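Remarks on the structure that follows.
Number of protein chains: 2
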Amino acid sequence: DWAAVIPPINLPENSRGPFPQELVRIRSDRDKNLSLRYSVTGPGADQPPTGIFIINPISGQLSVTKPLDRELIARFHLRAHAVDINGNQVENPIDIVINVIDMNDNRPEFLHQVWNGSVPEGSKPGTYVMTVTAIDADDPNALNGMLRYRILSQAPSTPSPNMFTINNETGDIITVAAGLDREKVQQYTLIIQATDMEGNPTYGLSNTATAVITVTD
Amino acid sequence: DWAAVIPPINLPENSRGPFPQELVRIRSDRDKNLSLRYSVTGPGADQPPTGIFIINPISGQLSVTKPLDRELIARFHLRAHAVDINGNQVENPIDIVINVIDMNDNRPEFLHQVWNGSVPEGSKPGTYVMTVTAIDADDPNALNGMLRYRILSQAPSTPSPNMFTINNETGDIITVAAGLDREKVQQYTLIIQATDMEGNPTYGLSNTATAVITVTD
Ligand SMILES: [Ca+2]
Ligand SMILES: [Ca+2]
Ligand SMILES: [Ca+2]
Ligand SMILES: [Ca+2]
Ligand SMILES: [Ca+2]
Ligand SMILES: [Ca+2]
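Residue numbers (the numbering used here), protein chains in the order written: chain A, 18 to 234; chain B, 18 to 234.
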């Protein structure tokens, strides 16, 4: 006989259900000669938040009761129990782990709308200027939460239309052209764009912020 | 002992892994007195597409080896096998279903960039004119593939800047104002927008097309 294994139960967040929705049905094969009742415990069940996951005490059917939000809780570790009439467990508790599958339901947001940095005159190419980054509430290990950066605009456009670059993963802005001269421009304004889905422009979500770089003496 | 039918296993499309990624560990309880080898069969394993799901022949650990795409294959039906070293079946094959969970990785697309329709002069409010629609490659039963429409603009702006409306669920363009007069204007140009996630404005994906409506005599 194959040995009972519960797989990870992966549920997408923001389910429309309808609810309750069946997940797994467990039972003890000791029920052939003993009378059992089943229960679930843990955060999601009997610990806060309570009642997201419930089990039918007679059938051992496990269910979800409402939509989930990975951004509140991404993982539930439940334990299911089989007990006799004395109230004693007749099986080792079984682990039921629930992973909430991430949806891309969060746009990138910048901590500040305006970021200030400076860079000295005559700085050589590759000179570090500043870091601007955004945050995406989605899962950083999924595409939904993986951010890429770029410069959409630089003003003014002299002596070179691309005085800077930004590291697409880290948000480090470094100079790439020479000719930084306070007598000619004292402040460059860059528009920074963050977009998720690893910067995919066609199905990624994006946002923008601005970086003001002062050229110092 | 616990007893439980393995439920369908849900995996998100476009997983970043890393790979290989463990899904379940299956085993026969006959391995306590026999030395067993495990295997998987079905499209996704040993049939095309090949090598997506693999099992360790000694441990019975099942794994994914690469990202999935709901838009290519949405479901895998696998069978897992237990044999002794003589090559003899020691268990009935077990069915393993894998559901590929839909991500919003597809932008709405209109069938045409330009849609042509007409409406007669002096048509009363509520006159159906035409239907313009888009398609979304994602699951039409999830938010990712559920579309809403709206009118972004109307040109020219007379006699009213809103001569029409569009059914948000359906793409049906209907007149809502009177004063349709070919002598004064023969054509209105509308920009129509489709956006998914049921038209969610902060994280829904959008696209546009134009409707040219001719006023007939
Ligand atoms: Ca969420
Ligand atoms: Ca999310
Ligand atoms: Ca996101
Ligand atoms: Ca896809
Ligand atoms: Ca999809
Ligand atoms: Ca979509």
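Every residue, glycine too, gets a C-beta built ideally from N, C-alpha and C.
- Between the segment 28-44 of chain B and the segment 78-89 of chain B, the count of Cβ pairs shorter than 8 Å is three or higher; the stretches touch.
- DSSP lists no beta-bridge partner residue for residue 66(B).
- Annotation for residue 147(A): no alpha helix (DSSP H) segment contains it, though the beta strand (DSSP E) segment containing it runs 145-148.
- Residues with their Cβ less than 6 Å from any non-hydrogen atom of ligand 3, running along the chain, are 121(A), 123(A), 153(A), 155(A), 161(A), 162(A), 213(A) and 222(A).
- Burial is judged here by how many other beta carbons sit within 10 angstroms of a residue's own beta carbon; residue 221(B) has at least 16 and is buried.
- Shortest Cα-Cα distance from residue 42(A) to any of 54(B), 169(B), 23(B) and 135(B) involves 23(B).
- In this structure, residue 215(B) sits near residue 163(B), with a CB-CB distance shorter than 8 Å.
- Contact between residue 63(B) and residue 57(B) holds, since their C-beta atoms are separated by about 7 Å, short of 8 Å.
- Distance from the C-beta of residue 63(B) to the nearest heavy atom of ligand 2 is not below 7 Å.
- If only uninterrupted beta strand (DSSP E) runs of at least 3 residues are considered, those enclosed by the segment 203-232 of chain A are 204-212.
- By the C-beta density criterion, residue 67(A) is exposed, having fewer than 16 other C-beta atoms within 10 angstroms.
- Taking 8 Å as the upper bound for CB-CB distance, residue 219(A) and residue 124(B) are in contact here, some 5 Å apart.
- Excluding residues up to 5 positions away in sequence, 40, 41 and 72 lie with their Cβ nearer than 6 Å to the Cβ of residue 79(A) in the same chain.
- Boundaries of the beta strand (DSSP E) harbouring residue 39(B): 38-42, taken from the DSSP string.
- Residue 118(A) places its beta carbon less than 8 Å from that of residue 118(B).
- Between residue 161(A) and residue 116(A), the beta carbon gap of about 14 Å keeps them out of contact (Cβ cut-off 8 Å).
- By the 16-neighbour rule on beta-carbons within 10 angstroms, residue 128(B) is exposed.
- Residue 46(A) counts as exposed, since fewer than 16 other beta carbons sit within 10 angstroms of its beta carbon.
- Fewer than three Cβ pairs drawn from the segment 105-114 of chain B and the segment 150-159 of chain A lie within less than 8 Å of each other, which leaves the two stretches out of contact.
- Distances between the C-beta of residue 88(B) and the heavy atoms of ligand 5 include at least one below 7 Å.
- Unbroken beta strand (DSSP E) stretches of 3 residues or longer found wholly inside the segment 79-150 of chain B: 92-101, 111-118, 131-137 and 145-148, given in chain order.
- With a cut-off of 7 Å, the C-beta of residue 39(A) is classified as distant from ligand 2, since no heavy atom of the ligand falls inside that distance.
- Here residue 27(B) is bridged, per DSSP, to 116(B).
- A straight line joining the alpha-carbon of residue 35(A) with that of residue 95(A) spans about 22 Å.
- Shown here for residue 199(A): same chain residues with a beta carbon closer than 8 Å to its own, the five before and five after excluded, namely 138, 232, 233 and 234 in chain order.
- Just so you know, the alpha carbons of residue 82(A) and residue 107(A) end up roughly 27 Å apart.
- Of all residues in the segment 48-72 of chain A, none has a C-beta nearer than 8 Å to a C-beta of chain B.
- Around residue 27(A), the beta-carbon contacts reaching into chain B at under 8 Å are 26, 27, 28, 29 and 118.
- Every beta strand (DSSP E) of 3 residues or more that sits fully in the segment 160-190 of chain B is shown, in chain order, as 165-172 and 181-183.
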